[PDB]
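Here you get one chain, nothing else, as structure tokens; it is the form deposited in one PDB entry.
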């Protein structure tokens, strides 16, 4: 092979530093330690990238995830061996579940100490095998550029995801003394395959042109291409097809559009769920038919199943990964590869549709029958969490600024999903597949680093926020003016919801003792605001959003409020529990009796 000598004489650490600029890395999230010292010495004062220092490595990981979701670039993490590495397992597993591109670099003990139960040695490659797309231990400095290039390529192609690169201390401290192949130092289709994909596209167009009640079921995959939302909208307009998104597709479709069905699934709106259950054709675009979406699989999409049996519909799946094709539902047509690219190729084959009067009339009736109803504020009552989301959504949107929302995990997360009006791609950043509490704050910090001009709001739960609240001071140190909203119901609400519904109001260890959030914000160097009274909510939300610098707003909200609608257990998507104020009142009395007045 051709040889490259440009790195000869540099340490592994210096080569790392150089590769970052070559991989277009502008930001690194990390925390130093012994094993990774030679790399830290090499990036000392580097103007190649901004370095962000969290208080805990899990924070670096979630920051990198938020950065990635906001920027479209891989999040880069740099931590030490042992506990440095084990502390990023959660964010890696999280990134793997949600398809987030991340490259995690972990220091490792010298190669000669590996396998001796050495100081701060973990089998990181073993530990992270099942929660990365790929991982590797670099065994020589000669190998370092190759592994870095492979890592970035793997993380950002196919379905994006995390990769881990283990860096032994002797490798990063070693000087490169051999020339290395030029192929290894530079970053970065079958004809029958292309023709096959084009065939599948022709068939997909044929099926779509045949459908009388189609639904577009859209997920995160459409957001992995700049033109995704635009092409989705063009197809929806051209063929008059209503659009529902998963939790992770929120923002990919303008919810102000009359063809918007909002979110489907366990806590999706009834209209989206009913449309899916009655559709003759489901066009799945960058979504993986997760169990939180389909409800009971045997009851899922009966009209599409009927249509398939009669050769006049079923399910079309635009999917980039073979692992996810036919994994859950039998698929009539799989269109393999990037969804956006394939929609573009399909477009001209779709017959323009004048109208779908009957289908849209039915959908509009469902919209009138089943809004996201809930128990609203009454005199003397506590503030309702759903109301907070609705008001903040309007206040934030009215600034005219680009707005990005992150969340923790639980009821507040579902209410954010439901009651915010989603209009822009890459503006909702939430932990869906793994559902990691504590995601909200560091993800917001990372997102703010990616988009310094954006209004970044973490809509968080009190228990979620406790998980990673130490990163408040990191936000100040990083100069990220994040807006932290805590919907404080003094409970792990999502868990108490399940305990209310399925365990006869037995609240087993679901009430953590919260700190004073306002004094905490002040201790951490932020402005802290609290609202308790209905009458002050509007003014406080405006002050919150208008504040220059990072700010925390705690809203005391009502407790034991269920997220509805809800599809759970053996229920099909059309068998949801709906909001009913009389039932809520009865369940409240029942709860007080069963808990002996404790809750």
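The term rigid core refers to the most C-alpha atoms you can superpose between the two forms while keeping them within 1.5 Å. Positions refer to the first chain, counted from 1.
Beyond what is shown, the protein has a form deposited in another entry; the following relates to that form.
Trainee: Give the option from 173, 334, 146, 136 whose C-alpha shifts by 2 Å or more between the shown form and the other one; the alignment is on the rigid core.
Mentor: The listed residue whose C-alpha shifts by at least 2 Å is 173.
Trainee: Hey, does residue 543 budge by 2 Å or more at the Cα between the shown form and the other one once the core is superposed?
Mentor: Stays below the 2 Å threshold, so no.
Trainee: Does residue 118 count as moved between the shown form and the other one, where moved means a C-alpha shift of 2 angstroms or more after fitting the rigid core?
Mentor: The answer is yes, as the C-alpha of residue 118 shifts between the shown form and the other one by 2 Å or more after core alignment.
Trainee: Aligning on the rigid core, do we see the C-alpha of residue 40 shift 2 angstroms or more between the shown form and the other one?
Mentor: Yes; that C-alpha moves by at least 2 Å between the shown form and the other one.
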